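**Student:** Once you've had a glance at the structure underneath, I'll fire off some questions.
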Amino acid sequence: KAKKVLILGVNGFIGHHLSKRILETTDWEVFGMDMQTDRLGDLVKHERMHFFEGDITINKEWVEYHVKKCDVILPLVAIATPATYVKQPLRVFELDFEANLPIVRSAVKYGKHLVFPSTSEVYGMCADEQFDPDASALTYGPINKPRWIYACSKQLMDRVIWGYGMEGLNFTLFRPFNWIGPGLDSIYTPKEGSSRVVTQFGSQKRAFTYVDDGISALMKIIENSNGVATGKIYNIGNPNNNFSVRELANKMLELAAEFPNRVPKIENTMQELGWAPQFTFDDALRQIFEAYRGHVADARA
Amino acid sequence: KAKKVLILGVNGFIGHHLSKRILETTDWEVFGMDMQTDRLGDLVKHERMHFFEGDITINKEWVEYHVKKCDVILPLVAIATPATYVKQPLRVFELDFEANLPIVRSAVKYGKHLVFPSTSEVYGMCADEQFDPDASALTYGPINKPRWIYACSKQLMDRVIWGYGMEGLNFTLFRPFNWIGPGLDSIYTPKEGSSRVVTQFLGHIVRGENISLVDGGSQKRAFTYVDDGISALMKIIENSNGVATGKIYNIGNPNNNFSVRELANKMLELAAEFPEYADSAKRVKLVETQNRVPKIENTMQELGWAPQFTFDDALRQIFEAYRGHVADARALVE
Amino acid sequence: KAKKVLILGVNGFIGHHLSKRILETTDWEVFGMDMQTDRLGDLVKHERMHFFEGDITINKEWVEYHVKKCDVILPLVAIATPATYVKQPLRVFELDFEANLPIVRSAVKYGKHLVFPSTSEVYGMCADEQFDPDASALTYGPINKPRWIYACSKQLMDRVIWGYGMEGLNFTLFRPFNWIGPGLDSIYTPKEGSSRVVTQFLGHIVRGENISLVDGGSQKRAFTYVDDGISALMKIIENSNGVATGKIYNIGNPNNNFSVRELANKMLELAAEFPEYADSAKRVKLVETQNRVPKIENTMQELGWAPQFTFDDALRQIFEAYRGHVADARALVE
Amino acid sequence: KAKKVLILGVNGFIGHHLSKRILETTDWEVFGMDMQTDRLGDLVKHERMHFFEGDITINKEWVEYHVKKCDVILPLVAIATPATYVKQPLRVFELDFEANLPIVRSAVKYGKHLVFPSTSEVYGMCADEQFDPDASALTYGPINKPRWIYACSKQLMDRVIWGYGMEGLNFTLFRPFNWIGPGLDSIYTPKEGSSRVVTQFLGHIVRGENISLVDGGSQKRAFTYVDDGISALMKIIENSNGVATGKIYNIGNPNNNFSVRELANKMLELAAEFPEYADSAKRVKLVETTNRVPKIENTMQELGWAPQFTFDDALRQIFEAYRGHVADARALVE
Amino acid sequence: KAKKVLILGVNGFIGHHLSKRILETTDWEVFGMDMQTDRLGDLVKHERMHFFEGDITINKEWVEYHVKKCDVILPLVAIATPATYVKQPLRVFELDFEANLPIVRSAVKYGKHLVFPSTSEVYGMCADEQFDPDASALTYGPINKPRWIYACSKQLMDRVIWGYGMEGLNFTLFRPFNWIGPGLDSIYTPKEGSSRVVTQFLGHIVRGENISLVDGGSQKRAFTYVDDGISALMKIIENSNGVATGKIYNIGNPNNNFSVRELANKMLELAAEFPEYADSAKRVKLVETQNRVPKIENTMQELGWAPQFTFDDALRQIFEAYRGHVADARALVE
Amino acid sequence: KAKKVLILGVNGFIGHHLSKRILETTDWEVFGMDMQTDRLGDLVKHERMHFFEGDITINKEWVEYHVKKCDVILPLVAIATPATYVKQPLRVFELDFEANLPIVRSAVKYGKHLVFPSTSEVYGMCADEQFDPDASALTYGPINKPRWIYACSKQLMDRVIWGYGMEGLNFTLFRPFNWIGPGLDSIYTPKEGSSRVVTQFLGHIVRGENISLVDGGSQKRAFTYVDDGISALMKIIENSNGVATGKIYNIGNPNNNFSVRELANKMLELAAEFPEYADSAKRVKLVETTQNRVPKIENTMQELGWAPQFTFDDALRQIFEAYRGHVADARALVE
Ligand SMILES: [Cl-]
Ligand SMILES: [Cl-]
Ligand SMILES: [Cl-]
Ligand SMILES: [Cl-]
Ligand SMILES: [Cl-]
Ligand SMILES: [Cl-]
Ligand SMILES: [Cl-]
Ligand SMILES: [Cl-]
Ligand SMILES: [Cl-]
Ligand SMILES: [Cl-]
Ligand SMILES: [Cl-]
Ligand SMILES: [Cl-]
């Protein structure tokens, strides 16, 4: 009777944050697949948490089985390191596109709700003051700029999923804009996750989104009250936290003193999900320092 | 000994015209795959022409075998009908991308020269005065406009090929700009090749039907006679000194830049000169319901190539060729 | 050391009652496959009970591994709902026959005991007074009566298994005749096991819904308490001296021969005795919209078995078991 | 535009006689698959006859390709030899059912007309005065009589095809009743087509071997000359106004109703009239070892068809055709 | 963070002794696959011991996943029973070579350290005083002596691994020379590990059965206590600065050099001292029905290793361990 | 009715000579598979010659279909170039063993006669005076000498075939000893058939390039004219009353027993007699760089009714004659 949520790549930034919220705030069962459990801590001991081992490129039977068993499908496995797009464009395509296509097709076959991570980068060099999921044009560079294979792969997957939507697939696309929070993803981790630049730590701006706001929108998508999220595409970002790299540096140091254009349009996200981001840039970063104080070891790695 | 050219989807516009030039002007052997031969006429009786049967979505072993056998690989099979992009986007992805990828991957495996039909559509809503294959940005609409699945499939394919190029694949991408001539592909033929709009307009003229113009036919296009298209293709296949390896060429005549309305008027005027068409053409009503110029600098310089045919010669050649084959012209839009 | 019994589709009527008997009366290990465990209660907690997850149409490797590991193989997964035969005949074939064949073939490959649920329906419109698994002819209606795809699929599987038997497969076929008891499978559960007619009547009765008597409801059938069914299965699994190898057993009580009408009336009269049912049952009308008696002589002598439960005992047990689980009862037809 | 007919298992009795009619009386194209051509006479020469090599159990790609290419699909490959049903029941299931199913599914996928050889045996031990494809019940013996695996495999294939018909498959099932004529398939040839008893009896006769009658050879059967068989098929393939779509036709001559004893005697009487046969025919004794009328009303009415050849006409044709081909006749039982 | 060691075929001689030493003397994690855990004792309790179920011939996905997950890959599954080489050489090839090749290939793909059990038998009838892994010639009998398919399959695997080493594969081959100790694998267990001749002799001794000496039992061999074997394996798996990468190591004690006859005598003589063995030992008849010294110079010097255990100390160790498990000793030859 | 002989890798030395013998002396049908026909001359125009296209690593369906169709199965496709064993051992294994295994398994399934080219190399460093297929030990070097992956792959295949023989497979193994004749396979052609040492010596001689003599070139070998090799093969394919079923035959002329140096000198002397080769041949020097190999053929002679007729000298003279209007094809032997 309880809703079953399938998270592929659950040891990630998103997976462990989403699992926590689910276990703590609902009666849903979590089916979570990954290779390691190091980001989950105590979640795995929870009686509605069901971790299992597998890789989407290898455990095809075990993955398909859980797609049939579950109600809502989150395939979160994906290469999302900008350095890899340039150096090994083919690895990006093989994992983010080719390895995920069967999982999409299983969600179709078994009539499930596919909640898929598109990308904030899908807009590319779009010039709109606000990136509109229903309206903005999508602009990439020429073929001889291979970094664009990431955006192009994600866009094609969006259109393939949209195509299946035209034939009856219940899907929601979401595009996270620079989610940040405790438990940041490791630079080389194969998951849609956290903002790289913030871990590492100049006038390029981006919209930073505290993870709790991101997760809240996701919960509403999974709950899908009245089927409102079906067929829809949502930017999940805080456009009020549009800060430059210099500003990030300066605020992070000003915050560390206490302890011893790519703007997402989110109108449809707010209205349709009854959602609004609560965390200011300042709140967001304060939260990350409060969290990592003990674990200086986990920070470096 | 002789160079071997594999054409997947040979029974049609590019298949016919390319095979013809190859047989008549080189010692190369042609291996052409398709389901039927009714567009090849007498080419099959030539000793250097090797037609064989197969379908790229079915005959995987027989196709791969030919990729290992041949030197140059041209996979022309694809849905390239604008209406289908909107109504059936999944079928466009499945065939144009998904079913061509194993062919690309065989070309990688056996060290062959992959000569792949990219598309003029890949530039999308590009604002550049000339679409430049080494420089222009590529712009599509949002996900809720599914017609863009074609340009997006074709883009991702160009990038996957580019990624193999970075690992040693010998490839050339070509982007035909509105190739037109005798033996146009039927509107629903799943082959890269001939300008659909010109084909559609020709079918209307000969059936005596109205020609419908969106936004008063303001859309401008660069029209290219097939002989010009083929000559650039020949140079790519020859690949003197490896000059075409790693390259992307628009193959178009930027000097034949006309609006869709100008195209309709010109074809209507031309139809009236021919007694085979005039009477159907008389019945045609033009009814009512932005700039796409190819840069061809690299194409002309690297390949020693220049387009020779004006808009006028192009269309005339077309009307000449169909005059005793009006039934063929009429069936172009069925 | 100990016998390992593999049950595929363990989470239901047969899986539950059998497993229980195995755990309480033998030293055998039970390996049970299904998607959920809600029909197994605390059985999973027992050290000789090994539940594992999978679907026969998906987990090919995991199922075959278990066929190699275990000694006796009971593949229970099957659409066995009459309504479904008529409306989705292909689903019945795909699951009951096609998805079960690889499992049969692994039992062959690894030299296991295949204990396979055939069906009392295999006899079809047989005219014999007693359905004899070694002698009775098997009669179905024409192709335009798709209801018979179920019996025909099951007959073909029995013949395939028999063909494997000719080549050395150790098999036993069993044909349950309307097994009934606690934990009936709900009507769309895709498992061989419980009498659908008794299950649907129970559901409708507890819901105060009218009952359908097809063709006046004079078709006579034989009803069997689950404990009698299970006792016989236990004998088959133990297979003392190889007595059940190559054999085909009807498991049912021929003395419990009642018509559909008689069943409905009996169940109505019984429900009136219980406080949980009497109110809803009073609201039940019978609505109008030959003999199927099993020979069990070989089953009796070869397995040293005899059914113990009368019709009344059986139905009584069922009503008692559901008194505290009225929602389970209501859900049987959901 | 011309209709394309696909025959899998073309090199034999049906493939030869069907192909000949098609080529002689229509503009349709034949695509015929087999391993050899020795039974096709001079047909291959015909420019509308397209023979190709392959085996339905091996050449999956080449078979699927031709299914997509063609309009009408006749899969004739099947073990149809009564002795093999008994001794090798698994091979019968594997070829007749399991290897034909992917062909049925390709016909579904590509929207083709599947014209499938069901069997006269599907009725089994039916008691009806005439075997009615829309109504007659179907009765086989028990599982311990494996001969029934042929009829049961064929029945299930019919129900699977029927299930696909419910989802939109354009099919016609046909059941030939002992078709006979020149070019009989030898007894161990795996194709549906010719009467094996007639073929075997001819074998013995030409070889001077005794003919065996079982249970006194009293069983009546309907015998059909091949030309009447083909005329029905042609009407099916033509499918005037879609009338054959979703139908099941017995194709036989109910007026040619003869026992096995009578068949032997008539064949022996007839052989004595032929110099080439008489010396061998004299040595044949009938040795004792220890009714099947087709209803053809729907066939006659929907196809506008009537069987024209008497049993006597039919046998005379056969003896005439083999008269200067004694070796071939002897080979029918090898 | 911590090194992950994958052992395929863990429930046996090497598996138990290796996992124990890993858990006690490192912080590494063990991932061990097998069908059962009965040879693992209490090792499964350890938090760094991860038993999982599977068979390399079936659970392809689960095996490949663990190869990607783990750092060092030990595939121990193989028929290594001499009589089976003779009786079923195909089974030996299929398991030892064909079924292990995909495991090797995954180790290549994912960049892992392949630590592979080659065999002392690979030298065959080598005439060298010391079998040198870097220099000794490898000598087998003719094709009509099927016993050599074992050594031939193992040889080819070593050369295939060496080929992948040339391309970057990080491998180490190890060749155990008659490893012996508690927990000997039963004779028909398909795992590389323990000395079959010693296991067979112990089995007969405890069963009061005769011992067979082929050709007087004058064949000499080197015998190695298990702790000495494991110590070398630990160094290989630690692989300090890649010292064992690309290397081939015999792991034997050349000072324990005894004939089969001397082995039998010494085992019987030592059994007399044990009251649990003495009585069955007196019933044993020794009945009539080449030096094999490993060079270990590279093993000693590269790995910092030396065998500590004398032959007599090794046999007494074995006799002590089986003292309270006579059942287990007797099951060795079943 | 007529016997059907399947030759996989028909466009080369054995394919050509065998196909010719079959067409001229029997009523058998030849089904030959390759990528090209340029080594087949006129043969394809013959009504009992059926050439078809395919590659054993790719056209699995089309190859298996032909195995089922035909009666006798000759899979000739294999890397057999000594330099490639050392440079690319994996490719040798993959083609010679792995890609041939399914063909063997099809022959088992469809009850055919598998006639498999094993190799004289299978004996390895055998010390026997005559290499006996039924008795001689098989000796290779260590793992770190990858040249031995060829002999080891071919040995394992012979043992897998033998194992299927034990369960009923109709097989014959044949081991050519230095078959030499017109139409030599170039040294990089992936086919069993011709002596590489003779082929490379010819190639270098006609190109006026040095010839290498490994370890002084003292090792003696047996050299067999192709006609003698084909005569034995024909008897195997006919297989009258199953004489060849389950058997292993060396096919060589042990009377043509000459050292590698003797071969060089003999070829150089022969080259000097032909105007097309003489100028090139004068330029060749022998380069030394840092064990007899006699086939026993008693079973082959007595079982098959066979004996080699051609001397070393006739054999090489026939080769030199054949190539003299085809100098470019001789030079290509080592390209
Ligand atoms: Cl870039
Ligand atoms: Cl805010
Ligand atoms: Cl659109
Ligand atoms: Cl111009
Ligand atoms: Cl029905
Ligand atoms: Cl009773
Ligand atoms: Cl029978
Ligand atoms: Cl009549
Ligand atoms: Cl042996
Ligand atoms: Cl010592
Ligand atoms: Cl070497
Ligand atoms: Cl001689």
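Each chain in the structure tokens gets a letter, A, B and so on, in the order shown; residues start at 1 in every chain, and ligands are counted from 1 in the order they appear.
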If you run DSSP on the backbone here, which positions in region 8-254 of chain F get alpha helix (DSSP H)? Please write them as an NGL selection string.

**Tutor:** :F and (13-25 or 60-69 or 82-87 or 89-93 or 101-109 or 149-165 or 196-206 or 226-238)

**Student:** Could the residues of chain F within 8 Å of chain D, counting only C-alpha atoms, be given as a list in words, please?

**Tutor:**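 Therefore, the residues near the partner are residues 61, 62, 64, 65 and 69 of chain F.
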
**Student:** How would the residues just chosen look if you wrote them out with N, CA and C atoms as a JSON list (two decimals), in the first residue's frame?

**Tutor:**
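Ended up saving to result10.json:
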```
[["chain", "number", "residue", "atom", "x", "y", "z"],
["F", 61, "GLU", "N", 25.02, -16.45, -38.67],
["F", 61, "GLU", "CA", 23.85, -17.10, -39.26],
["F", 61, "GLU", "C", 24.17, -17.73, -40.63],
["F", 62, "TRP", "N", 24.86, -16.98, -41.48],
["F", 62, "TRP", "CA", 25.12, -17.44, -42.84],
["F", 62, "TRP", "C", 26.11, -18.60, -42.82],
["F", 64, "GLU", "N", 26.49, -20.74, -40.12],
["F", 64, "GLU", "CA", 25.85, -21.91, -39.50],
["F", 64, "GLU", "C", 24.90, -22.56, -40.48],
["F", 65, "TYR", "N", 24.16, -21.75, -41.24],
["F", 65, "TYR", "CA", 23.30, -22.28, -42.31],
["F", 65, "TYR", "C", 24.07, -23.18, -43.29],
["F", 69, "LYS", "N", 23.81, -27.11, -44.18],
["F", 69, "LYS", "CA", 23.56, -27.50, -45.56],
["F", 69, "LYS", "C", 24.52, -28.58, -46.07]]
```

**Student:** Using only C-alpha atoms, which protein or nucleic acid residues come within 9 Å of residue 329 (chain D)? Drop anything in the same chain fewer than 5 positions from it, and give the result as an MDAnalysis selection string.

**Tutor:** chainID D and resid 184 186 199 202:203 206:207 322:323

**Student:** Let me see the file: selected residues, C-alpha atoms, as a PDB file, in the first residue's frame.

**Tutor:**
```pdb
ATOM      1  CA  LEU D 184       4.565 -35.096 -53.066  1.00  0.00           C
ATOM      2  CA  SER D 186       8.901 -37.218 -49.063  1.00  0.00           C
ATOM      3  CA  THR D 199       2.874 -40.777 -50.218  1.00  0.00           C
ATOM      4  CA  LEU D 202       3.070 -45.001 -53.370  1.00  0.00           C
ATOM      5  CA  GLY D 203       6.524 -45.617 -51.935  1.00  0.00           C
ATOM      6  CA  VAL D 206       6.790 -48.678 -56.575  1.00  0.00           C
ATOM      7  CA  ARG D 207       9.187 -50.614 -54.263  1.00  0.00           C
ATOM      8  CA  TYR D 322       5.559 -40.207 -61.620  1.00  0.00           C
ATOM      9  CA  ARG D 323       5.451 -42.663 -64.556  1.00  0.00           C
TER      10      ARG D 323
END
```

**Student:** Given a cut-off of 10 Å, which residues of chain F touch chain B, counting only C-alpha atoms, written out as a ChimeraX atom specification?

**Tutor:** /F:35-36,53-62

**Student:** Show me which residues are within 10 Å of ligand 1 counting only C-alpha atoms and all ligand atoms, and format the list as a PyMOL selection string.

**Tutor:** chain A and resi 82-83+85-87+89+141-149

**Student:** Those same residues - N, CA and C atoms - I'd like them written as a PDB file, in the first residue's frame.

**Tutor:**
```pdb
ATOM      1  N   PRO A  82      32.473  18.735 -15.512  1.00  0.00           N
ATOM      2  CA  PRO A  82      32.789  19.506 -16.731  1.00  0.00           C
ATOM      3  C   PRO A  82      34.127  19.134 -17.391  1.00  0.00           C
ATOM      4  N   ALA A  83      35.132  18.787 -16.581  1.00  0.00           N
ATOM      5  CA  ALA A  83      36.432  18.359 -17.106  1.00  0.00           C
ATOM      6  C   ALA A  83      36.349  17.098 -17.996  1.00  0.00           C
ATOM      7  N   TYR A  85      33.679  16.037 -19.796  1.00  0.00           N
ATOM      8  CA  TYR A  85      32.947  16.333 -21.048  1.00  0.00           C
ATOM      9  C   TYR A  85      33.927  16.630 -22.207  1.00  0.00           C
ATOM     10  N   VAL A  86      34.924  17.472 -21.916  1.00  0.00           N
ATOM     11  CA  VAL A  86      35.975  17.907 -22.842  1.00  0.00           C
ATOM     12  C   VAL A  86      36.931  16.766 -23.191  1.00  0.00           C
ATOM     13  N   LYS A  87      37.401  16.050 -22.168  1.00  0.00           N
ATOM     14  CA  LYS A  87      38.458  15.040 -22.323  1.00  0.00           C
ATOM     15  C   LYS A  87      37.946  13.706 -22.882  1.00  0.00           C
ATOM     16  N   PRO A  89      34.466  12.854 -24.167  1.00  0.00           N
ATOM     17  CA  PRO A  89      33.050  13.073 -24.466  1.00  0.00           C
ATOM     18  C   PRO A  89      32.271  11.749 -24.599  1.00  0.00           C
ATOM     19  N   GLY A 141      27.498  25.186 -28.663  1.00  0.00           N
ATOM     20  CA  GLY A 141      28.546  25.612 -29.568  1.00  0.00           C
ATOM     21  C   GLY A 141      28.629  24.595 -30.681  1.00  0.00           C
ATOM     22  N   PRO A 142      29.579  24.769 -31.610  1.00  0.00           N
ATOM     23  CA  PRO A 142      29.733  23.848 -32.744  1.00  0.00           C
ATOM     24  C   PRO A 142      30.164  22.438 -32.296  1.00  0.00           C
ATOM     25  N   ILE A 143      30.151  21.493 -33.229  1.00  0.00           N
ATOM     26  CA  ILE A 143      30.578  20.143 -32.954  1.00  0.00           C
ATOM     27  C   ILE A 143      32.018  20.115 -32.391  1.00  0.00           C
ATOM     28  N   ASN A 144      32.898  20.971 -32.930  1.00  0.00           N
ATOM     29  CA  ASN A 144      34.298  21.028 -32.470  1.00  0.00           C
ATOM     30  C   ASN A 144      34.502  21.587 -31.045  1.00  0.00           C
ATOM     31  N   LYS A 145      33.406  21.856 -30.329  1.00  0.00           N
ATOM     32  CA  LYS A 145      33.496  22.099 -28.889  1.00  0.00           C
ATOM     33  C   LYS A 145      32.862  20.930 -28.126  1.00  0.00           C
ATOM     34  N   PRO A 146      33.628  19.856 -27.889  1.00  0.00           N
ATOM     35  CA  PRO A 146      33.011  18.610 -27.382  1.00  0.00           C
ATOM     36  C   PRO A 146      32.363  18.689 -25.993  1.00  0.00           C
ATOM     37  N   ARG A 147      32.663  19.718 -25.196  1.00  0.00           N
ATOM     38  CA  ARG A 147      32.036  19.841 -23.863  1.00  0.00           C
ATOM     39  C   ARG A 147      30.517  19.835 -23.973  1.00  0.00           C
ATOM     40  N   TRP A 148      30.011  20.296 -25.117  1.00  0.00           N
ATOM     41  CA  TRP A 148      28.567  20.341 -25.314  1.00  0.00           C
ATOM     42  C   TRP A 148      27.888  18.955 -25.467  1.00  0.00           C
ATOM     43  N   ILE A 149      28.651  17.865 -25.516  1.00  0.00           N
ATOM     44  CA  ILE A 149      28.027  16.543 -25.628  1.00  0.00           C
ATOM     45  C   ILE A 149      27.209  16.226 -24.358  1.00  0.00           C
TER      46      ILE A 149
END
```

**Student:** According to DSSP computed on the backbone, where in region 50-130 of chain B is there strand (DSSP E or B)? Give the residues as a list in words.

**Tutor:**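 Strand (DSSP E or B) members of region 50-130 of chain B, listed: residues 50, 51, 52, 53, 72, 73, 74, 75, 77, 113, 114, 115, 116, 117 and 124 of chain B.
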
**Student:** Please find the residues contacting ligand 4 at a distance of at most 10 Å between atoms, with only C-alpha atoms and all ligand atoms counted, and report them as a PyMOL selection string.

**Tutor:** chain B and resi 224-225+228+253-256+306-313

**Student:** Those selected residues, please, written with N, CA, C and O atoms and delivered as a PDB file, in the first residue's frame.

**Tutor:**
```pdb
ATOM      1  N   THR B 224      20.406  23.830 -54.242  1.00  0.00           N
ATOM      2  CA  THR B 224      21.655  23.273 -54.777  1.00  0.00           C
ATOM      3  C   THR B 224      21.375  22.171 -55.777  1.00  0.00           C
ATOM      4  O   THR B 224      20.749  21.166 -55.442  1.00  0.00           O
ATOM      5  N   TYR B 225      21.861  22.321 -56.997  1.00  0.00           N
ATOM      6  CA  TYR B 225      21.635  21.267 -57.968  1.00  0.00           C
ATOM      7  C   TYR B 225      22.389  20.004 -57.570  1.00  0.00           C
ATOM      8  O   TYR B 225      23.499  20.101 -57.097  1.00  0.00           O
ATOM      9  N   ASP B 228      26.200  19.476 -58.389  1.00  0.00           N
ATOM     10  CA  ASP B 228      27.109  20.229 -57.533  1.00  0.00           C
ATOM     11  C   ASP B 228      27.329  19.483 -56.208  1.00  0.00           C
ATOM     12  O   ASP B 228      28.475  19.359 -55.723  1.00  0.00           O
ATOM     13  N   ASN B 253      24.708  25.835 -52.415  1.00  0.00           N
ATOM     14  CA  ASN B 253      25.031  27.013 -53.253  1.00  0.00           C
ATOM     15  C   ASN B 253      24.420  28.284 -52.633  1.00  0.00           C
ATOM     16  O   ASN B 253      23.211  28.513 -52.765  1.00  0.00           O
ATOM     17  N   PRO B 254      25.245  29.091 -51.931  1.00  0.00           N
ATOM     18  CA  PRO B 254      24.779  30.298 -51.258  1.00  0.00           C
ATOM     19  C   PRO B 254      24.277  31.348 -52.237  1.00  0.00           C
ATOM     20  O   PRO B 254      23.593  32.274 -51.834  1.00  0.00           O
ATOM     21  N   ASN B 255      24.599  31.177 -53.513  1.00  0.00           N
ATOM     22  CA  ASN B 255      24.124  32.091 -54.552  1.00  0.00           C
ATOM     23  C   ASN B 255      22.741  31.796 -55.100  1.00  0.00           C
ATOM     24  O   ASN B 255      22.222  32.562 -55.908  1.00  0.00           O
ATOM     25  N   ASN B 256      22.152  30.691 -54.650  1.00  0.00           N
ATOM     26  CA  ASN B 256      20.790  30.329 -55.008  1.00  0.00           C
ATOM     27  C   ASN B 256      19.893  30.500 -53.795  1.00  0.00           C
ATOM     28  O   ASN B 256      19.182  29.577 -53.379  1.00  0.00           O
ATOM     29  N   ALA B 306      33.467  24.114 -56.506  1.00  0.00           N
ATOM     30  CA  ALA B 306      32.597  25.302 -56.648  1.00  0.00           C
ATOM     31  C   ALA B 306      31.298  24.890 -57.301  1.00  0.00           C
ATOM     32  O   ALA B 306      31.313  24.108 -58.247  1.00  0.00           O
ATOM     33  N   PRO B 307      30.162  25.391 -56.778  1.00  0.00           N
ATOM     34  CA  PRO B 307      28.869  25.089 -57.397  1.00  0.00           C
ATOM     35  C   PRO B 307      28.737  25.838 -58.721  1.00  0.00           C
ATOM     36  O   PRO B 307      29.113  27.002 -58.788  1.00  0.00           O
ATOM     37  N   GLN B 308      28.230  25.153 -59.751  1.00  0.00           N
ATOM     38  CA  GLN B 308      28.153  25.658 -61.117  1.00  0.00           C
ATOM     39  C   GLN B 308      26.709  25.999 -61.537  1.00  0.00           C
ATOM     40  O   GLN B 308      26.502  26.769 -62.482  1.00  0.00           O
ATOM     41  N   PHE B 309      25.710  25.430 -60.855  1.00  0.00           N
ATOM     42  CA  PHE B 309      24.318  25.533 -61.340  1.00  0.00           C
ATOM     43  C   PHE B 309      23.499  26.606 -60.656  1.00  0.00           C
ATOM     44  O   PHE B 309      23.365  26.632 -59.430  1.00  0.00           O
ATOM     45  N   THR B 310      22.911  27.474 -61.472  1.00  0.00           N
ATOM     46  CA  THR B 310      22.038  28.521 -60.977  1.00  0.00           C
ATOM     47  C   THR B 310      20.713  27.889 -60.555  1.00  0.00           C
ATOM     48  O   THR B 310      20.450  26.725 -60.869  1.00  0.00           O
ATOM     49  N   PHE B 311      19.879  28.665 -59.858  1.00  0.00           N
ATOM     50  CA  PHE B 311      18.521  28.249 -59.472  1.00  0.00           C
ATOM     51  C   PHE B 311      17.744  27.847 -60.724  1.00  0.00           C
ATOM     52  O   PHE B 311      17.169  26.757 -60.795  1.00  0.00           O
ATOM     53  N   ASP B 312      17.783  28.739 -61.715  1.00  0.00           N
ATOM     54  CA  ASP B 312      17.142  28.537 -63.005  1.00  0.00           C
ATOM     55  C   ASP B 312      17.550  27.245 -63.690  1.00  0.00           C
ATOM     56  O   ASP B 312      16.666  26.481 -64.077  1.00  0.00           O
ATOM     57  N   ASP B 313      18.860  26.993 -63.848  1.00  0.00           N
ATOM     58  CA  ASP B 313      19.315  25.713 -64.442  1.00  0.00           C
ATOM     59  C   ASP B 313      18.808  24.533 -63.605  1.00  0.00           C
ATOM     60  O   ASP B 313      18.342  23.527 -64.136  1.00  0.00           O
TER      61      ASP B 313
END
```

**Student:** Quick one: residues within 10 Å of region 13-23 of chain A, only C-alpha atoms, excluding same-chain residues fewer than 2 positions away - as a ChimeraX atom specification?

**Tutor:** /A:5,7-11,25-34,37-44,46-49,74-76,179-186,189,191-194,211-212,214-216,218-219

**Student:** Taking only C-alpha atoms and all ligand atoms into account, report as a list in words which residues have an atom no farther than 7 Å from an atom of ligand 5.

**Tutor:**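 Taking only C-alpha atoms and all ligand atoms into account, the residues around ligand 5 at most 7 Å away are residues 86, 144, 145, 146, 147 and 148 of chain C.
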
**Student:** Tell me, as a PyMOL selection string, which residues lie within 12 Å of residue 323 (chain B), counting only C-alpha atoms; anything in the same chain fewer than 2 positions away does not count.

**Tutor:** chain B and resi 182+202+206+270-271+273-278+316-321+325-330
